[PDB]
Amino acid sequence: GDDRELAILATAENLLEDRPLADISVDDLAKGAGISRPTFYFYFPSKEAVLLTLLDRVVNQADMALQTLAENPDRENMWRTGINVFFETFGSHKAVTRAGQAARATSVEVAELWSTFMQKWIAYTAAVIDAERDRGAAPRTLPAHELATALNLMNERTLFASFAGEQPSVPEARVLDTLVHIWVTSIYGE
């Protein structure tokens, strides 16, 4: 039962590494999962729903890793370890990341899923900036929530350009340092 669904999900993630979702059929997904097409539709209403579940797993993986960091005890290193959660989680799931990004234009559930977790991560970013200002380590410059929004959107666009190998992009081996520098200077700079 659970294994057939997992088999579908594993096949989809494996097939997404070689071609986009538009070049993958339900028959492809069923074959790689060792099931029939009617059996597929018992577990998922569409191949788009399979992607939604894959993306949901990846964004929740990143969210739970951030929560783990948040519950635990320099300033540059604090932000680097946190940004790294997203660099490593989405970089370990590049095919799903890329396909989920492109799905936002056509899937309201995917758009709402991405929007929901971006709001959460921006609010937590803003809370950390506020706490940094409260203790006197960061200056009171921009409204923290607007600063947090821009920095998070930067990371979204820059990480996914690097993972997709877009032209232009920051080389993947340089993107962590690049983002950390911009976060640290814009949060602590006066």
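The first residue of the sequence shown is number 1, and the count goes up from there.
For the C-alpha atoms alone, is the average B factor greater in 94-102 or in 113-121, going by the entry?
-> For C-alpha atoms only, the mean B-factor is higher in 94-102.
Mean C-alpha B-factor higher for 123-131, or for 51-59?
-> Comparing 123-131 with 51-59, the higher average CA B-factor belongs to 51-59.
Selection from 21, 9, 180, 173 [criterion: highest C-alpha temperature factor in the record] = Of the options given, 21 has the highest CA B-factor in the PDB entry.
Have a look at 138, 69, 148, 154 and flag the one whose Cα has the highest B-factor in the entry.
-> Result of the comparison over 138, 69, 148, 154: 69.
Ranked C-alpha temperature factor of residue 167 among modelled chain residues, by third | CA B-factor rank for residue 167: middle third.
Chain thirds of CA B-factor: placement of residue 83 = Its C-alpha B-factor belongs to the lowest third of this chain's values.
What third of its chain's C-alpha B-factors does residue 64 belong to: lowest, middle or highest?
-> For residue 64, the deposited C-alpha B-factor lands in the middle third.
When the modelled residues of the chain are sorted by Cα temperature factor, does residue 39 land in the lowest, middle or highest third?
-> It falls in the middle third of the chain.
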